[PDB]
């Protein structure tokens, strides 16, 4: 697990219904929302990849060894029942393991793509911002609507605002 989704992010946003991961902002000219296509698509490719593996199964052909409609000799019938049940225990166990193991990795992978976005933004803002610890960045300069989009763009040039921010931070 990464400390994010059931961790330092307090909860999820029920209102975000274009993305898996997103930004909310608040500058002086309003509050807005936006989803991040890159990281959500990263996580969805990994989901459809699992699902592919799950259905991407080709099968052996089996014939009947048990008569539906007539009596089978007692001893050979007992062997067949032991084998058949024993194979089923193996498959039932295998399916349970498959799903429990793959659900674990899925929950944690989603969490890693959540964190990987947070880290990207953090390294991007550089000395211009500080984090509270609920997943927010307190920015120490005037961030325009076109500046906000710049952070989401990965456009943002930290050097452009650095001095105003460093000044604001230190006092």
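Numbering follows the first chain given and starts at 1.
- Mean CA temperature factor is higher for 123-131 when stretches 103-111 and 123-131 are set side by side in the entry.
- Relative to one another, 150-158 and 7-15 have unequal mean CA B-factors, and 150-158 is the one with the higher figure.
- Across 45, 66, 144, 61, the greatest Cα temperature factor reported in the deposited entry is at 144.
- Residue 116: CA B factor in the middle third of modelled residues in this chain (values from the PDB entry).
- The PDB entry assigns residue 70 a C-alpha temperature factor belonging to the lowest third of its chain's modelled residues.
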